[PDB]
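Data first, discussion second: the structure below is written as structure tokens.
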Ligand SMILES: Nc1ncnc2c1ncn2[C@@H]1O[C@H](COP(=O)(O)OP(=O)(O)NP(=O)(O)O)[C@@H](O)[C@H]1O
Ligand SMILES: [Mg+2]
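Residue numbers (the authors' numbering), protein chains in the order written: chain S, 1327 to 1549; chain Z, 2749 to 3070, 3080 to 3198; chain P, 3498 to 3847; chain C, 4348 to 4353, 4375 to 4397.
Spelled out as structure tokens, the structure:
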């Protein structure tokens, strides 16, 4: 009858839900996920009003609405900031025994993201701050691995160093920024690396602090 | 008249209307140029460039359509007149004058025409809900743009947006600009109105790639030239639509603006690509022409094709507050962002205070209620009264600043950002106090 | 009843936070009175006596502020409330610098950094604040650098998995723990409507009415200590007395949890209940006598109002004296020293 | 003005109007 038909439709809806859930977390695309979630909602609306009055249909419809509600958190979770350590923080706080390689969208959907919005948001703010730190360290490594001393010929006698102001500005800026990193609330994992860079930066500064001096004197003295 | 004959060559049914239409155009243009002068507002500049933009708009609206009646041609004439003349106007009486005279000029030069069919109060055009740039009703546009705002909440910015009448009108104006040949826009208006937000929203909505200049401490003209090289290389060679958005944070340097004017006017910057850069530009232009299906070989023809692609692909969106040369005003289509009206404030309040309870079943409607929103439902509910009070609070800040200015004191501007801040504070405080009392209970 | 009242209370409080803050004390009071009159005209229920400072703060935060260098004035407490519940980064307009020192003390545990717009190293420090998530107090905002517009407007672009903000030519990774406090020491400064939209103004400037209120409060504290205590009781009755009452209620519930034999070992536990009842009666009495005490304190305040107006006029004459000669530089603290000499260590009053 | 800020506008308006009245409008070359 009508109940048997709505039971059959319900099973078909759950088939689409389960096929959606079996998608591995690595290949989950949040935009296409939203597109498909909407399409599933449209299918529900297509059902006749008499079949829409059933409690199970309403439960599925509000569940799928919840999936689209936490879809935002799905884009926010499927980010490059989350790494493995922040996924380990969710792992620990969500008291769920997930496998990262075997992680699928279904496991995250079963966990109430709407109820645990605060947990996810907190982890994501930590991820944002620490990724800011990590990308600043990446900028330091890039600039100080590709930076070359500018040499200009000096009266066909030696190639002296030009660009002292630019080099000193860069060194001072990076030293100040590493010192500020040392005051960051997220300066826990990037401690050692920062320390090492600080040391290198200091040495650089120190070296050039004498180098220019020597150069200047030598120039004057040869004149 | 020559331009209109060339344009109406597509639809033979409107050929006999080439001579009258032009006259109407000319008359209205002259009227506006007499009525609105630069002494009132510095951007009230009119030139034959506006008439060319008028002809181009009618041409773009008539090109894909196989046939039109005379009423349709008059309707698109009025639409382009509104988009080119009424949009720049600051005060309400000027807009009313322009709207009334458009009808007078149309009928005067187009007698025996069904005014109702050729002229409805919400003249509206968009191809978002169809395949051609056909007239479209207000309601389905509102629904479609609300759906697209819901989409735009997830992708890109997450802060909510309210689609009231002014926002939707400006969205349609920016869309029209983004679908015009060398259509460059100048959003001039008060701070916090939503110029950047709506420009970026429409650019995302139409698929344009937003590119913004990043000026710095002693920004060099060579850096601006390199940025232009990249932008034009993407627009012309790569056939990529770009919304070149510029704000007063970098518009204030007129040295870059006067070089921007060449691209705004002609669609190219001669001397930008030279030597090796010109050779690579020609190579990539040849590759793009072959990809599109043109075997153009000569460098001059390749540069002409590149200029055409930049014309049809690159759109510049300037954003400023009410210095700027009148040439820049005349090169860009002018749009005005006024401070949010009472209806806009009421709509923003109702949308942003919808999650609140704000519902007292025993609320009593006070006789002679102080009303600031004229179209507020009578009798009001508790939520309607709350939003009315919010609008009144914003209006009282405006009146207080006016009184302080009259007395001679120093005053600060109350932008719509203040209203958004007030509504957000109301939401936070209401939820916080309710939560505190519920846990106490 | 407080359910019935919260809608109007929160509307008024949010309007006060978002809109007031640049205006002086009388102008804020005029705005609040206009809003209250409108809400009353529309039958929107709200408490007739909205104590904004006690509605938007608790005793703990106020005591912590007083531990910092926040002067104990109504204007300063309201300004601190705005500096707490702000959605837009505030612009402080103190002419003296007490508010800046208050901000430094409040965010000392968060490693707040003080910078100036005149400093050439400003932008760099700002970048660090944007990237590493540290509070930053930028002074000399009268020379505001428009490069801060994206930061104040929170215009962020979420490319990749990194959230960016365009500062100068460089895209800085914005950190969740970033907050910036703009500041200036010039009371007579005009800002573009752009900056006015991107910041919320918090004015600490001492005007005629602010100093008049300060002097009236100090007269009441010095010469009518009973009326000052009663007025403080009115301010505390807006939630502080009920807060301590419900804290004692929680303590009584905790003591009533451990009830096994020891409830009737002496059967004299009722004492604690009596204590609560006593204080309940006390606060109930303070609720019942509220109108009478309001009338009493208003009459006593009208008694000393002319002296307060005289003090305000005297101080502003002193301040304006600098136009006669360049040596006539008299600070507000100098007038306050004169005024405390007149009040407390006055041998004529003995 | 700075001693007492609140009357000054009306007085200044009257004074400037009187000054405009006394001062001749134009001087011939
Ligand atoms: N229709 C709207 N509904 C809700 N919020 C809006 C709307 N339009 C703009 N805003 C908000 O306005 C804020 C900032 O204003 P913005 O869009 O930057 O205006 P602007 O005209 O670019 N200001 P300025 O650059 O200072 O002249 C954002 O937080 C937007 O969310
Ligand atoms: Mg902007």
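Backbone N, C-alpha and C define an ideal beta-carbon position, used for all residues, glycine too.
- DSSP, reduced to helix, strand and coil, places residue 2793/Z outside both helices and strands of the structure shown, so it counts as coil.
- Taking residue 1431/S as reference, the option from 1503/S, 1344/S, 1534/S with the minimal CA-CA separation is 1344/S.
- DSSP, reduced to helix, strand and coil, places residue 3576/P within a helical segment of the structure shown.
- Environment of ligand 2, chain-ordered: 2943/Z, 2944/Z, 2995/Z, 3067/Z, taking every residue with Cβ within less than 6 Å of a heavy atom.
- Distance from the CA atom of residue 2838/Z to the CA atom of residue 2887/Z, rounded to whole angstroms, is 26 Å.
- In the three-state scheme derived from DSSP, where H, G and I count as helix and E and B as strand, residue 1351/S is classed as coil.
- Contacts with chain P at 8 Å (Cβ-Cβ) include residue 1509/S.
- Residue 2862/Z has its Cβ no nearer than 7 Å to any heavy atom of ligand 1.
- With contact defined as three or more Cβ pairs closer than 8 Å, the region 3534-3548 of chain P and the region 3129-3148 of chain Z are in contact.
- Looking only at 2975/Z, 3153/Z, 3182/Z, 2958/Z, the smallest Cα-Cα distance to residue 3017/Z is reached by 2975/Z.
- For residue 3560/P, no beta strand (DSSP E) run applies; the uninterrupted alpha helix (DSSP H) run containing it begins and ends at 3556-3564, by DSSP.
- In the structure shown, residue 3106/Z adopts helical secondary structure according to DSSP, grouped into three states.
- Comparing C-alpha distances from residue 1500/S to each of 1514/S, 1512/S, 1521/S, 1417/S shows the shortest one belongs to 1521/S.
- Linking residue 3772/P to residue 3789/P through their CA atoms gives a straight-line distance of about 26 Å.
- Between residue 1380/S and residue 1332/S, the beta carbon gap of about 5 Å places them in contact (Cβ cut-off 8 Å).
- Contact annotation for residue 1397/S against chain Z: 2902 [CB-CB distance below 9 Å, chain order].
- For residue 2941/Z, the Cβ falls inside the 7 Å cut-off from some heavy atom of ligand 1.
- In the DSSP assignment, residue 3680/P falls outside any alpha helix (DSSP H) and within the unbroken beta strand (DSSP E) covering 3677-3680.
- For residue 3587/P, the enclosing beta strand (DSSP E) begins and ends at 3587-3589.
- Counting only residues of its own chain and dropping the five nearest sequence neighbours on each side, residue 2911/Z has a CB closer than 7 Å to the CB of 2890, 2893, 2894, 2897.
- Chain P places a beta carbon closer than 8 Å to that of residue 1462/S, counting this residue as a contact.
- Using a Cβ-Cβ cut-off of 8 Å, residue 1475/S does not count as an interface residue toward chain P, since no Cβ of chain P sits closer than that to its own.
- Shown here, residue 2772/Z sits in a helix according to DSSP, grouped into three states.
- Not one heavy atom of ligand 1 sits closer than 7 Å to the Cβ of residue 3121/Z.
- Shown in chain order are the members of the region 3169-3193 of chain Z whose Cβ falls below 7 Å from a Cβ of chain P: 3169, 3170, 3172, 3174, 3175, 3178, 3179, 3181, 3182, 3183, 3186, 3187, 3190, 3191.
- Under the three-state reduction of DSSP output, residue 3724/P falls in the helix class.
- Collapsing the DSSP output to three states places residue 3184/Z in a helix.
- Contact of residue 4390/C with chain P is not assigned, every C-beta pair being separated by 8 Å or more.
- Residue 3618/P and residue 2842/Z have their C-alpha atoms some 49 Å from each other.
- Membership of residue 1401/S in the alpha helix (DSSP H) is indicated by the continuous run 1397-1403.
- Bounds of the alpha helix (DSSP H) holding residue 3625/P are 3619-3629.
- The residues 3825, 3826, in chain order, have a CB closer than 6 Å to that of residue 3819/P in the same chain once the five nearest residues on each side in sequence are set aside.
- Non-local C-beta neighbours of residue 2824/Z in its own chain, meaning closer than 6 Å and more than five positions away in sequence, comprise 2806, 2809, ordered along the chain.
- Shown here, residue 3092/Z sits in a strand according to DSSP, grouped into three states.
- Here the region 3592-3599 of chain P lies against the region 3672-3686 of chain P, with 3 or more beta-carbon pairs under 8 Å apart.
- Collapsing the DSSP output to three states places residue 3667/P in a strand.
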